[PDB]
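Colleague: Just so it is clear, I am handing over structure.cif, which has mmCIF, C-alpha atoms and all ligand atoms.
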```
data_model
loop_
_atom_site.label_atom_id
_atom_site.label_comp_id
_atom_site.auth_asym_id
_atom_site.auth_seq_id
_atom_site.Cartn_x
_atom_site.Cartn_y
_atom_site.Cartn_z
CA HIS P 4 -17.13 -11.82 3.19
CA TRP P 5 -13.42 -11.37 3.67
CA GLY P 6 -11.85 -9.12 6.29
CA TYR P 7 -9.33 -9.12 9.13
CA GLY P 8 -11.35 -10.78 11.92
CA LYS P 9 -10.89 -14.20 13.51
CA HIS P 10 -13.61 -15.58 11.30
CA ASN P 11 -12.82 -13.95 7.95
CA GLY P 12 -9.15 -12.99 8.20
CA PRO P 13 -6.02 -13.89 6.19
CA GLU P 14 -6.08 -17.59 7.18
CA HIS P 15 -9.52 -17.93 5.60
CA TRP P 16 -8.96 -16.06 2.33
CA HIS P 17 -7.75 -19.11 0.38
CA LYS P 18 -11.22 -20.69 0.49
CA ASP P 19 -12.64 -17.99 -1.81
CA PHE P 20 -9.33 -16.83 -3.34
CA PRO P 21 -7.18 -19.95 -3.91
CA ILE P 22 -4.38 -17.75 -5.36
CA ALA P 23 -3.75 -16.89 -1.68
CA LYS P 24 -1.44 -19.94 -1.73
CA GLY P 25 0.17 -18.93 -5.03
CA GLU P 26 3.75 -18.58 -6.22
CA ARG P 27 4.15 -14.79 -5.96
CA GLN P 28 2.08 -13.62 -2.97
CA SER P 29 2.62 -10.44 -0.98
CA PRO P 30 3.63 -9.12 1.44
CA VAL P 31 6.95 -10.77 2.30
CA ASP P 32 9.73 -10.39 4.81
CA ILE P 33 12.64 -8.45 3.40
CA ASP P 34 15.77 -10.17 4.64
CA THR P 35 18.25 -7.33 4.15
CA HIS P 36 21.36 -9.46 4.19
CA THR P 37 20.06 -11.81 1.45
CA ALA P 38 18.56 -9.14 -0.82
CA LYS P 39 20.79 -8.73 -3.89
CA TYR P 40 22.22 -5.33 -4.81
CA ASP P 41 21.52 -4.84 -8.53
CA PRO P 42 23.73 -2.08 -10.00
CA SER P 43 21.62 -2.17 -13.17
CA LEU P 44 18.52 -0.97 -11.27
CA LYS P 45 17.65 2.58 -12.25
CA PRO P 46 16.67 5.39 -9.89
CA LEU P 47 12.94 5.72 -9.39
CA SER P 48 11.27 8.57 -11.18
CA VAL P 49 8.34 9.87 -9.14
CA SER P 50 6.50 12.60 -11.05
CA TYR P 51 3.67 13.81 -8.85
CA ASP P 52 3.75 17.58 -9.54
CA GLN P 53 0.55 17.52 -11.62
CA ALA P 54 -1.40 15.10 -9.40
CA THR P 55 -5.17 15.61 -9.14
CA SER P 56 -6.66 14.07 -6.02
CA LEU P 57 -10.43 13.74 -6.11
CA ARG P 58 -11.90 12.00 -3.11
CA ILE P 59 -11.29 9.91 -0.01
CA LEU P 60 -13.34 6.75 0.62
CA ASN P 61 -13.71 4.30 3.51
CA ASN P 62 -14.17 0.98 1.67
CA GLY P 63 -14.57 -1.18 4.76
CA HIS P 64 -10.97 -2.41 4.63
CA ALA P 65 -8.91 0.79 4.57
CA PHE P 66 -9.38 4.34 3.26
CA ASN P 67 -8.37 5.28 -0.29
CA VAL P 68 -7.36 8.71 -1.53
CA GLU P 69 -8.29 8.53 -5.21
CA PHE P 70 -6.72 10.42 -8.12
CA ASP P 71 -7.66 11.34 -11.68
CA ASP P 72 -5.88 8.63 -13.67
CA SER P 73 -7.39 9.53 -17.05
CA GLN P 74 -4.17 11.32 -18.09
CA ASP P 75 -0.45 11.09 -17.18
CA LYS P 76 -0.75 13.53 -14.24
CA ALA P 77 1.02 11.60 -11.47
CA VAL P 78 3.26 8.83 -12.72
CA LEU P 79 5.90 6.42 -11.59
CA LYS P 80 8.64 5.24 -13.95
CA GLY P 81 12.21 4.00 -13.87
CA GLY P 82 13.47 1.69 -11.14
CA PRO P 83 12.68 -1.88 -12.24
CA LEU P 84 9.80 -0.68 -14.41
CA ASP P 85 9.34 -0.60 -18.16
CA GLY P 86 6.96 2.12 -19.29
CA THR P 87 4.71 4.48 -17.40
CA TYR P 88 2.56 3.72 -14.39
CA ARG P 89 -0.26 6.11 -13.40
CA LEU P 90 -1.17 6.84 -9.79
CA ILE P 91 -4.74 5.74 -9.10
CA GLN P 92 -4.97 5.80 -5.30
CA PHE P 93 -3.08 5.51 -2.06
CA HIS P 94 -4.05 3.88 1.22
CA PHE P 95 -2.51 2.55 4.42
CA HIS P 96 -2.43 -0.57 6.55
CA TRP P 97 -1.96 -0.08 10.29
CA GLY P 98 -1.99 -1.72 13.69
CA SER P 99 -3.85 -1.56 16.97
CA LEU P 100 -0.42 -1.00 18.62
CA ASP P 101 2.71 0.85 17.46
CA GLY P 102 4.60 -2.46 17.27
CA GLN P 103 2.58 -3.87 14.37
CA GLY P 104 0.66 -2.68 11.32
CA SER P 105 2.98 -2.99 8.34
CA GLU P 106 2.50 -5.72 5.76
CA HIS P 107 6.09 -6.01 4.61
CA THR P 108 8.63 -6.55 7.35
CA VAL P 109 12.37 -5.88 7.36
CA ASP P 110 14.47 -8.57 9.03
CA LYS P 111 11.19 -9.55 10.71
CA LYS P 112 10.67 -6.05 12.09
CA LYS P 113 7.10 -4.70 11.86
CA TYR P 114 6.43 -1.01 11.44
CA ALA P 115 3.42 0.85 12.83
CA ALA P 116 1.87 1.23 9.38
CA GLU P 117 2.56 1.00 5.67
CA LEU P 118 1.57 3.40 2.88
CA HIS P 119 0.77 1.96 -0.57
CA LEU P 120 0.77 4.27 -3.58
CA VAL P 121 -0.90 2.18 -6.28
CA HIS P 122 -0.06 2.70 -9.96
CA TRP P 123 -1.14 0.91 -13.14
CA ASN P 124 0.73 0.29 -16.40
CA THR P 125 -0.71 2.63 -19.04
CA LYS P 127 -0.07 0.03 -21.86
CA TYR P 128 -3.12 -1.81 -20.46
CA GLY P 129 -5.54 1.12 -20.81
CA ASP P 130 -7.32 0.90 -17.45
CA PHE P 131 -6.82 -0.43 -13.93
CA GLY P 132 -9.26 -3.33 -14.41
CA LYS P 133 -7.23 -4.64 -17.34
CA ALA P 134 -3.93 -3.99 -15.61
CA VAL P 135 -4.69 -6.25 -12.63
CA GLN P 136 -5.02 -9.18 -15.05
CA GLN P 137 -1.39 -8.77 -16.15
CA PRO P 138 1.83 -9.95 -14.50
CA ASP P 139 3.32 -6.44 -14.94
CA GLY P 140 0.06 -4.56 -14.52
CA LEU P 141 0.66 -2.68 -11.28
CA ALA P 142 3.49 -0.98 -9.47
CA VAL P 143 2.90 -0.35 -5.78
CA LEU P 144 5.26 1.98 -3.97
CA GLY P 145 5.35 0.90 -0.30
CA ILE P 146 6.56 3.24 2.43
CA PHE P 147 6.93 2.26 6.10
CA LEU P 148 5.59 4.44 8.90
CA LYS P 149 7.20 4.66 12.31
CA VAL P 150 5.84 6.60 15.27
CA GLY P 151 7.93 9.66 16.18
CA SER P 152 7.65 13.21 14.89
CA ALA P 153 4.53 14.22 12.93
CA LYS P 154 4.46 14.08 9.15
CA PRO P 155 3.08 17.50 8.20
CA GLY P 156 2.07 16.32 4.73
CA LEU P 157 -0.13 13.64 6.28
CA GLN P 158 -2.18 16.03 8.39
CA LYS P 159 -4.75 16.95 5.74
CA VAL P 160 -5.58 13.24 5.44
CA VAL P 161 -5.83 12.79 9.21
CA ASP P 162 -8.18 15.75 9.54
CA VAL P 163 -10.75 14.49 7.02
CA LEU P 164 -11.06 11.01 8.63
CA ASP P 165 -13.92 12.16 10.88
CA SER P 166 -16.01 12.62 7.72
CA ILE P 167 -15.47 9.01 6.53
CA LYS P 168 -15.68 7.10 9.78
CA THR P 169 -17.70 4.17 8.46
CA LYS P 170 -17.79 1.83 5.46
CA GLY P 171 -19.14 3.43 2.29
CA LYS P 172 -18.58 7.04 3.33
CA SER P 173 -16.72 9.32 0.92
CA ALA P 174 -15.65 12.95 0.97
CA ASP P 175 -14.30 15.40 -1.59
CA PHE P 176 -10.52 15.55 -1.27
CA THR P 177 -9.05 17.82 -3.89
CA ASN P 178 -5.61 19.44 -4.19
CA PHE P 179 -3.80 16.96 -1.96
CA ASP P 180 -0.11 16.68 -2.83
CA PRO P 181 1.19 13.15 -2.29
CA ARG P 182 4.79 14.37 -2.52
CA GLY P 183 4.39 15.36 1.14
CA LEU P 184 4.18 11.67 2.10
CA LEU P 185 7.61 10.67 0.74
CA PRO P 186 10.82 10.18 2.74
CA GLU P 187 14.04 11.94 1.67
CA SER P 188 15.68 8.92 -0.02
CA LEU P 189 14.19 6.87 -2.87
CA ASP P 190 16.49 3.85 -2.23
CA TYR P 191 14.32 0.72 -2.58
CA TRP P 192 13.91 -3.04 -2.61
CA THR P 193 11.90 -4.62 -5.40
CA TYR P 194 10.32 -8.03 -6.10
CA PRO P 195 7.36 -9.47 -8.07
CA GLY P 196 4.26 -10.02 -5.94
CA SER P 197 0.54 -9.58 -5.56
CA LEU P 198 -2.27 -7.49 -4.15
CA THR P 199 -2.17 -7.98 -0.39
CA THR P 200 -5.97 -8.18 -0.16
CA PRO P 201 -8.47 -10.26 -2.07
CA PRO P 202 -8.56 -10.85 -4.99
CA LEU P 203 -4.80 -11.33 -4.30
CA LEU P 204 -3.96 -11.07 -7.99
CA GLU P 205 -0.37 -11.66 -8.96
CA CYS P 206 0.02 -8.43 -10.89
CA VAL P 207 2.30 -6.20 -8.79
CA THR P 208 5.87 -5.06 -9.11
CA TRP P 209 6.55 -4.12 -5.49
CA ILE P 210 8.89 -1.21 -4.80
CA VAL P 211 9.45 -0.80 -1.06
CA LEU P 212 11.40 2.22 0.13
CA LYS P 213 14.27 1.67 2.55
CA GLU P 214 13.65 4.90 4.50
CA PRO P 215 10.50 5.02 6.66
CA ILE P 216 8.57 8.20 7.25
CA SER P 217 7.74 9.23 10.81
CA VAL P 218 4.21 10.09 11.92
CA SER P 219 3.05 11.18 15.35
CA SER P 220 1.23 9.15 17.94
CA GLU P 221 -1.78 11.45 17.42
CA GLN P 222 -1.76 10.87 13.67
CA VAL P 223 -1.84 7.07 13.95
CA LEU P 224 -4.35 7.23 16.83
CA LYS P 225 -6.70 8.96 14.39
CA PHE P 226 -6.37 6.09 11.89
CA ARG P 227 -7.44 3.77 14.72
CA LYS P 228 -10.73 5.62 15.24
CA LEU P 229 -12.04 4.56 11.84
CA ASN P 230 -14.61 1.74 11.59
CA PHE P 231 -14.73 -1.41 9.43
CA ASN P 232 -18.53 -1.38 9.72
CA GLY P 233 -21.15 0.77 8.06
CA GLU P 234 -23.13 3.42 9.94
CA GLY P 235 -25.78 1.81 12.16
CA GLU P 236 -23.98 -1.54 12.23
CA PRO P 237 -22.10 -2.80 15.33
CA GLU P 238 -18.89 -0.74 15.77
CA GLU P 239 -15.65 -2.51 15.00
CA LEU P 240 -12.50 -0.38 14.96
CA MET P 241 -10.52 -0.38 11.74
CA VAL P 242 -7.20 -1.62 13.12
CA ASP P 243 -4.85 -4.47 12.18
CA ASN P 244 -5.92 -4.38 8.54
CA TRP P 245 -2.65 -6.01 7.44
CA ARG P 246 -1.82 -9.38 5.89
CA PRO P 247 1.23 -11.11 7.44
CA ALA P 248 4.34 -12.03 5.45
CA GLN P 249 3.92 -14.83 2.93
CA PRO P 250 6.48 -17.39 1.73
CA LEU P 251 9.05 -15.96 -0.68
CA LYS P 252 9.14 -19.17 -2.74
CA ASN P 253 11.06 -18.83 -6.01
CA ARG P 254 11.85 -15.10 -5.78
CA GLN P 255 14.88 -12.94 -5.09
CA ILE P 256 14.46 -9.48 -3.64
CA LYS P 257 16.69 -6.91 -5.36
CA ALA P 258 18.07 -3.73 -3.79
CA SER P 259 18.85 -0.46 -5.53
CA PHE P 260 21.53 0.32 -2.95
CA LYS P 261 24.25 -1.34 -0.89
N1 LIG V 301 -2.73 -3.53 -0.64
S1 LIG V 301 -2.41 -3.39 -2.21
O1 LIG V 301 -1.76 -4.58 -2.66
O2 LIG V 301 -1.75 -2.15 -2.50
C1 LIG V 301 -3.86 -3.38 -3.04
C2 LIG V 301 -4.91 -4.28 -2.75
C3 LIG V 301 -6.12 -4.27 -3.47
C4 LIG V 301 -6.30 -3.37 -4.51
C5 LIG V 301 -5.29 -2.47 -4.81
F1 LIG V 301 -5.45 -1.58 -5.83
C6 LIG V 301 -4.08 -2.48 -4.09
ZN ZN V 302 -2.26 -1.98 0.46
#
```
Can you turn what I pasted into structure tokens?

Modeller:
Amino acid sequence: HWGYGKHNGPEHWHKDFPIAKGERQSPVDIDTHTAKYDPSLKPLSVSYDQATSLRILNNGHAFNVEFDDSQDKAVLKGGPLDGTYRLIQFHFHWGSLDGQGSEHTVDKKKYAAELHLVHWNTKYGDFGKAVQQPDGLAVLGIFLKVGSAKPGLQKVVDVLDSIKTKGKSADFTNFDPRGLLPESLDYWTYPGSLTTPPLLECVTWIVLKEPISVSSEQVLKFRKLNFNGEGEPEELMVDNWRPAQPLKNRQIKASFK
């Protein structure tokens, strides 16, 4: 099955997921000079004060911190969005080296990692229904650069030893995702897709302009995770990113000039 190796990586995905060659695939390169400032774009409204984290899971492709999405506890609204999108999980994509790891790029620049806070449109009732809709998901993407530590990331880093291998999960309650945000909520936005199979074209992407900084030790700990299950040959979970895809008939909009 699909992964990030030479034999099952992004160049192979189209054989099982033909939408890989579709009209609104993600990620993309954000060419900052050609992105269009849209003065009609509203500020983002990130309402995470009542978030209920539940668990952290290694799914063989990344690790997901999962939330209770059975009520409007942690929601995203405003920006380019109509209606209310509920936080279901966040995860990261990262590199084997500090010079790569992000999925989106900015003027071809790669960051060390990229955080995705995944939200689904509550008019569709559940996540499974939402991914079948062109406006089903909103993913808030945040770049990570290596520099100073992100204190709000440390609780995540410290639990990774308990979910080293595929299929492992751990309780992960009372985590506050507000501690993962940068200061500014300035963003770019464009219509796209899931960046992993099934590659569904259901995502309004909202990518923050300001990266967060994490420490070398924090990202090193991501790199100690495994793609494999316990007792299978060890393969480090690194370079779990899809490269930039053609923009095709899309214009990236900016909330700022
Ligand atoms: N990487 S991502 O597009 O945020 C993504 C991929 C697959 C499932 C999902 F909920 C989110
Ligand atoms: Zn992702």

Colleague: Please determine, counting all atoms listed in the file, which residue among P:75, P:69, P:175, P:190 has the shortest atom-to-atom distance to ligand LIG 301 (chain V).

Modeller: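 Closest residue, counting all atoms listed in the file: P:69.
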
Colleague: Please, what distance in Å, to one decimal, runs between atom CA of residue 258 of chain P and atom CA of residue 32 of chain P?

Modeller: 13.7 Å

Colleague: Let me have all residues with an atom within 9 Å of ligand LIG 301 (chain V), counting all atoms listed in the file, laid out as a ChimeraX atom specification.

Modeller: /P:29-30,91-96,106,118-123,131,135,141-145,196-204,207,209,245-246

Colleague: Could you tell me how far atom CA of residue 137 of chain P lies from atom CA of residue 173 of chain P, in Å and to one decimal?

Modeller: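 According to the coordinates, atom CA of residue 137 of chain P and atom CA of residue 173 of chain P are separated by 29.2 Å.
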
Colleague: In Å, rounded to a single decimal, give me how far atom CA of residue 115 of chain P is from atom CA of residue 250 of chain P.

Modeller: 21.6 Å

Colleague: Quick one: 5 Å padding each side, axis-aligned, all listed atoms of segment 110-116 of chain P - centre and edge lengths in Å to one decimal, as JSON?

Modeller:
```
{"center_x": 8.2, "center_y": -4.2, "center_z": 10.9, "size_x": 22.6, "size_y": 20.8, "size_z": 13.8}
```

Colleague: Please list as a VMD selection string every residue within 8 Å of residue 13 of chain P, counting all atoms listed in the file and excluding residues in the same chain fewer than 6 positions away.

Modeller: chain P and resid 6 to 7 246 to 247

Colleague: Let me make sure I understand: among P:114, P:191, P:97, P:128, which one has the smallest atom-to-atom distance to ligand ZN 302 (chain V) if we use all atoms listed in the file?

Modeller: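 Closest residue, counting all atoms listed in the file: P:97.
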
Colleague: Need to verify the contact set: residue 85 of chain P, 12 Å, all atoms listed in the file, exclusion of same-chain residues closer than 5 positions in sequence. Can you return it as a VMD selection string?

Modeller: chain P and resid 44 to 45 47 to 48 79 to 80 123 to 125 127 139 to 142 208

Colleague: Is it possible to get the residues within 6 Å of (2.1, -12.2, -8.2) (coordinates as in the file, counting all atoms listed in the file) written as an MDAnalysis selection string?

Modeller: chainID P and resid 27:28 195:197 205:206

Colleague: Can you list, as a list in words, every protein, DNA or RNA residue that comes within 9 Å of segment 158-165 of chain P when you count all atoms listed in the file, leaving out same-chain residues fewer than 2 positions away?

Modeller: residues 59, 61, 66, 68, 153, 154, 155, 156, 167, 168, 174, 176, 179, 222, 223, 225, 226, 228 and 229 of chain P

Colleague: Here is a test: counting all atoms listed in the file, which residue of P:58, P:182, P:227, P:257 is nearest to residue 34 of chain P?

Modeller: P:257

Colleague: Go through P:110, P:221, P:130, P:243 and flag the residue nearest residue 36 of chain P, using all atoms listed in the file for the distances.

Modeller: P:110

Colleague: Which one of P:129, P:181, P:35, P:40 sits closest to residue 72 of chain P if you count all atoms listed in the file?

Modeller: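 Counting all atoms listed in the file, the residue closest to residue 72 of chain P is P:129.
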
Colleague: Which residue, P:237, P:103, P:83, P:64, has the smallest gap to ligand ZN 302 (chain V) when you use all atoms listed in the file?

Modeller: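 Nearest candidate to ligand ZN 302 (chain V) out of P:237, P:103, P:83, P:64: P:64.
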
Colleague: Would you kindly place N, CA and C atoms on segment 198-213 of chain P and return the model as a PDB file, in the coordinates of the input?

Modeller:
```
ATOM      1  N   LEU P 198      -1.425  -8.263  -5.075  1.00  0.00           N
ATOM      2  CA  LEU P 198      -2.270  -7.490  -4.150  1.00  0.00           C
ATOM      3  C   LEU P 198      -2.218  -8.179  -2.800  1.00  0.00           C
ATOM      4  N   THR P 199      -2.202  -7.388  -1.735  1.00  0.00           N
ATOM      5  CA  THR P 199      -2.170  -7.980  -0.390  1.00  0.00           C
ATOM      6  C   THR P 199      -3.559  -8.170   0.201  1.00  0.00           C
ATOM      7  N   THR P 200      -4.606  -7.849  -0.561  1.00  0.00           N
ATOM      8  CA  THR P 200      -5.970  -8.180  -0.160  1.00  0.00           C
ATOM      9  C   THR P 200      -6.615  -8.946  -1.288  1.00  0.00           C
ATOM     10  N   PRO P 201      -7.683  -9.703  -0.987  1.00  0.00           N
ATOM     11  CA  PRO P 201      -8.470 -10.260  -2.070  1.00  0.00           C
ATOM     12  C   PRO P 201      -8.766  -9.169  -3.108  1.00  0.00           C
ATOM     13  N   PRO P 202      -8.731  -9.506  -4.407  1.00  0.00           N
ATOM     14  CA  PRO P 202      -8.560 -10.850  -4.990  1.00  0.00           C
ATOM     15  C   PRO P 202      -7.129 -11.428  -5.076  1.00  0.00           C
ATOM     16  N   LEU P 203      -6.148 -10.751  -4.475  1.00  0.00           N
ATOM     17  CA  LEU P 203      -4.800 -11.330  -4.300  1.00  0.00           C
ATOM     18  C   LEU P 203      -4.101 -11.624  -5.629  1.00  0.00           C
ATOM     19  N   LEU P 204      -4.476 -10.847  -6.640  1.00  0.00           N
ATOM     20  CA  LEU P 204      -3.960 -11.070  -7.990  1.00  0.00           C
ATOM     21  C   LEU P 204      -2.469 -10.840  -8.093  1.00  0.00           C
ATOM     22  N   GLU P 205      -1.812 -11.682  -8.877  1.00  0.00           N
ATOM     23  CA  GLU P 205      -0.370 -11.660  -8.960  1.00  0.00           C
ATOM     24  C   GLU P 205       0.112 -10.730 -10.077  1.00  0.00           C
ATOM     25  N   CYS P 206      -0.119  -9.440  -9.849  1.00  0.00           N
ATOM     26  CA  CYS P 206       0.020  -8.430 -10.890  1.00  0.00           C
ATOM     27  C   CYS P 206       0.916  -7.266 -10.496  1.00  0.00           C
ATOM     28  N   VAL P 207       1.613  -7.366  -9.368  1.00  0.00           N
ATOM     29  CA  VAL P 207       2.300  -6.200  -8.790  1.00  0.00           C
ATOM     30  C   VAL P 207       3.808  -6.320  -8.841  1.00  0.00           C
ATOM     31  N   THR P 208       4.463  -5.296  -9.393  1.00  0.00           N
ATOM     32  CA  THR P 208       5.870  -5.060  -9.110  1.00  0.00           C
ATOM     33  C   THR P 208       5.928  -4.232  -7.840  1.00  0.00           C
ATOM     34  N   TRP P 209       6.422  -4.834  -6.757  1.00  0.00           N
ATOM     35  CA  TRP P 209       6.550  -4.120  -5.490  1.00  0.00           C
ATOM     36  C   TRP P 209       7.837  -3.319  -5.436  1.00  0.00           C
ATOM     37  N   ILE P 210       7.720  -2.076  -4.988  1.00  0.00           N
ATOM     38  CA  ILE P 210       8.890  -1.210  -4.800  1.00  0.00           C
ATOM     39  C   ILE P 210       8.737  -0.662  -3.390  1.00  0.00           C
ATOM     40  N   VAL P 211       9.587  -1.123  -2.475  1.00  0.00           N
ATOM     41  CA  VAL P 211       9.450  -0.800  -1.060  1.00  0.00           C
ATOM     42  C   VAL P 211      10.628   0.075  -0.669  1.00  0.00           C
ATOM     43  N   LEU P 212      10.331   1.276  -0.190  1.00  0.00           N
ATOM     44  CA  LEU P 212      11.400   2.220   0.130  1.00  0.00           C
ATOM     45  C   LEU P 212      12.126   1.808   1.402  1.00  0.00           C
ATOM     46  N   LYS P 213      13.444   1.982   1.391  1.00  0.00           N
ATOM     47  CA  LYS P 213      14.270   1.670   2.550  1.00  0.00           C
ATOM     48  C   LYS P 213      14.016   2.606   3.737  1.00  0.00           C
TER      49      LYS P 213
END
```
